Each structure stands twice: as C-alpha cells, then as structure tokens.
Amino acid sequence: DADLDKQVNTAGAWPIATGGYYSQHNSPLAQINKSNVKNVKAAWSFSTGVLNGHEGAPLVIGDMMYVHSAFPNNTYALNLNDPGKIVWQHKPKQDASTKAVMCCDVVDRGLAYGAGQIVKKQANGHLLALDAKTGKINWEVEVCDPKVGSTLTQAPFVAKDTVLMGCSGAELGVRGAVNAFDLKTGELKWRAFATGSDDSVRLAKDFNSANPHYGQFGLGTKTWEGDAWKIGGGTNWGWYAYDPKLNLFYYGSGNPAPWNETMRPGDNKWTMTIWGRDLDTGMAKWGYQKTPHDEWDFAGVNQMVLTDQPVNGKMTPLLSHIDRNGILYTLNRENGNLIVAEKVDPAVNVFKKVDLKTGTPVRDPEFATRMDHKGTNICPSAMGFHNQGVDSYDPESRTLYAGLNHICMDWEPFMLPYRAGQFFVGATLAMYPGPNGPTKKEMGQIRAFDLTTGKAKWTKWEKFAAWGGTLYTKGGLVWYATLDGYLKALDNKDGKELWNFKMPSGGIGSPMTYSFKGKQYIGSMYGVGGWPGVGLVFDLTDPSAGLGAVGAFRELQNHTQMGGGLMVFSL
C-alpha cells in the first residue's frame, strides 16, 4: 500500500524481507566499504529467549526494529534509540502438537509490513495484523489447518492492499495454494491452487499464449491419474517478487507428493512451476514447470529475482531463479520466455541439460528414482544445490551472489498409505558432499553469476552449505552467515574474504542493513537449525534420519550448538 511505498523510499529503512519488490536483496548504503570493513565491530545484541532455527531477518521501520523468533513465533519491537528496552511484544499461545507436523524444524522466515501494521503469522496457521506502534491485534484469521498437516513458515508478502500467504506441508500431502487476503480486514480475496481444475488454479484466458508449448488448459488434472492431485503437494513456502508496472507477482510452487514417484505417474502440473500472476485477480498470465514429474523433491519455491538488463543489446525485463534442481533460470518476466537455463555446478547429473526449445529437461535415466531400485550418486540431493536462502544482486556489475549447497544423495522409495495429518514421504535417503569441493568435503559455495549468460565469475568454498543467502551493499561487499557460526564480508569483485565475526550460533537467515542517526548497521539472526540442523536440534544420530540430512551434517554439532537471537554490527 501507500504506507509501504513510503517506507520503501525512505533511505536506511528495511520494510521488506527480500529488500524490495524486485527482491534483489541489496542496499545503496555505502558508509561501510572495502577500505574500512576491517574496522567493523559488534554494536549490540539481542536474544529471543527461544531455541531452534532462526530464519529470516528483522524489519526496520523508522526508529523501530521488529524481531521475530522460531516457534512459538514471538514478536519483539525495539526503539533503536535504546535496544535495551522491549517496547511491545506478542507471544502466541500455541498447541505444542503443532511442532509434530512441521517437516523441517519449527522455523519462521519473518514478518511483513503494510498500512502501519506488522503482518505476522504463527506456525499453527493463524495470520495476524498488529498495529506497528502498539502491538494491538487489528485482525486475525485462519490460513492453514495443522490437523491435516498444514502449517505456516514463510514470510507474508504485501503488495498494494493484498497480503500473500502460502501454507507448508507437501511432505504430508498438503495441496499447495497461494492465499490472498485484504490488508485492512484480513478478508479472503481469492485462492489459487497448484493442482486441480483450471478454475481452482486460476488461469487467465491468455495463459501461456506466448509459449503454448509450456502447456495450457486442463493440465492440472490431466497430468495425474485419478484424484492423486488432491494430495499432490505444490505448496509455496519460499519467497515472492512483484513488478508494480505490470501488476504481476511471482513465486514458485513446490514439490508433488509423495516423494515416491511411482505412486503418482504424470507431469504432476502445476507443481514445480514459476508463476506470473495478476495481483488483483490472482489469474496466472504465464507459468513454466521447471521439473515435470519430480523424482527428487526439488521443491521449486526458491527466490525470484527481478532485474532489468540488456539481452542482445536490448534492455529486457527479467526474472532470475536458482532452483533446487541445480538449474539457474532467467526468463522474460512479462511473457515467460525462457532465456537462460544453465547448471549452477557441473556436478548436476539428473538432467543432461534443459532444452531451450522444448523447454523441458533432458532427463538422464541413470539418475532417476523409482520403486524397487536404489538410485545412487544423484546430484543435487533433495536439499538441492540451492534452498531457502535469499541471494543478492549488484546493479552496477550486474552480478548475483548466490549461496549454494554442494550435496548429493542415494535414494530408494517405498509404498505407504495417505492419512490426513501423517507424513506422506515414502523414501529413504543418504546424503553426502558433492564431488567438486577442494578437499571433496565442502558442502557450500558462494558463487557469483551473470544472469544473462548463466556463467560464474568466481567461487568461494565453505565447509557447510550456504543456507541463509547473501546481502550486497554498495560499498562493494557481499555479506553472509555460515552454518558454523560466522558472519562474513567478501570483496564482491573476487570473493576475497575481508572480515568475519564468530557469532554465538550458526545463521540460517540472510543479513540485512539499515541506518540510524546517520550510521549504517548490519544485522544478522543467529541460531542454527532448519533442515541442515535437524540432527543437532532434535538429537538425532541415525544417518538416515531427518530425511537423510542427519548423516550429511553429522559434524555440525562439533562447530556449533543451538541459539536464538540477533547481532548487529557497525563502524
């Protein structure tokens, strides 16, 4: 709305989790730069009083900062004039059973802001709008039902007078849908499902008119056998992007359920799809399915980055996205034309490549999954070569700095029944480091890309997966947190590490920045968790537990322990 736009245009503020409508997660603040970053030090810190994974980052509106924790999803408001005082807080009372239906740790990716309100959700499915000044509840509505395995973890997204919110739960057969509510009343405007009839999915009359080969009408049911689509996943729990001019919002729908591919023949549309929908009606103008008939749990909900760059000497409105499947996609955000589809790392073997003409991946049978067979050395693993991390883009050098994962796996499915409220996975995995690390043990990379060609400029290897993402600031710095507990800053030109600080626990969110009283500050949450930390968080030892993650991250507990809080830095 107008209030959000005002904050967006206020220097030093941070009202949107991804950094803006285009989600480039960057900042023009340049007080801290290559020449003085070595003098950066901790300014102050704040503990949430909660453990488990602390994803996302705080919001800064004027003189106020809003911090959020992991389940039970507490909200704290601090006046930057005195970080030692909690002005108001909201501590939800939720049933502990909610945690049992959350697949990948009890995380929360953040708050949103609009019309003088803090838009906040709770794991148990409630969505609330709180007065930003007092914390008073203006409205509260139900969005997901934990009894059927549906929960909330992603950050809400505000555009104009609409709030976008999607439920999580594909691992429990939840049928995905992006729900739109009225920012002022919390009233349900519309709902666009990921599977089912064209009406339920909400396709405009000219859906994919520019690329009819992507598929158009009736596929929401035709690419499934029987009523399998009723529990076919497609949940969107990642991030959004929005283009004010076109009035289109973008996001990706998740993986189909169950993981057992043999139990659901068909392309399984429209799961694993990059969408371009009209904000007011929710009608899709175009949709590109990245991974037809998923066989590896490559949930396609990753960040959408909108940029305007020259394509063949011609300025073009683009959308770039690095999916779990290891492919970097760059499309025209107006019509959905596919421009780039390159492997982020040569280790990707599930596809020989993505044919730009057919618009589909050329599958390699050797690395497929199927009943009564154990697939081995499959890259990427289900954790993907990129997950929930939020990356940054530098407008000047036109470079995206991505936090990647270098993990592969062994995978074998098994038959199981569907029971509402119970997990519906059906697969046994084993995960381990990819093959290209310097010592073949590294599982993370910070890699700079050109979004128009899909080629890398430089690479920095990390012992553990770069789960949280990166932040880019005009001073020429790339900031990011590691699972082992460090906040680091790199020279954006060559990836040279210029500064670092050992926080109390690993970070799984992306850093943010803001200014207060003329001083630039860098903020990062800390407190390891999420899928990578399930072993540590729940004391699991079975290497196959945590859906295969436990074995891969067995060493994490020798570098960090749980935590929950925020650390701020400055000159």
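The term rigid core refers to the maximal set of C-alpha atoms that superpose within 1.5 Å between the two forms. Position 1 is the first residue in the sequence shown; the rest follow in order.
- Of the two segments 306-314 and 189-197, the one whose CA positions lie farther from the displayed form in 4 other deposited structures of this protein, once all are superposed on the rigid core, is 306-314.
- As listed in the deposited structure, the average C-alpha B-factor of 497-505 and of 259-267 is greater for 259-267.
- The stretch 278-286 shows the higher mean C-alpha B-factor when 374-382 is compared against 278-286 in the entry.
- Within the selection 518, 523, 28, 527, the deposited Cα B-factor values reach their highest point at 518.
- Of the candidates 116, 156, 186, 403, it is 186 whose Cα B-factor is highest according to the PDB record.
- Compared with the other modelled residues of the chain, the Cα B-factor recorded for residue 172 ranks in the middle third.
- When the modelled residues of the chain are ordered by their C-alpha B factor, residue 105 lands in the lowest third.
- Per the PDB record, residue ranking by Cα B-factor puts residue 388 in the lowest third of the chain.
- Residue 415: CA B factor in the middle third of modelled residues in this chain (values from the PDB entry).
- Among the modelled residues of its chain, residue 8 has a C-alpha B-factor that falls in the highest third, as given in the PDB entry.
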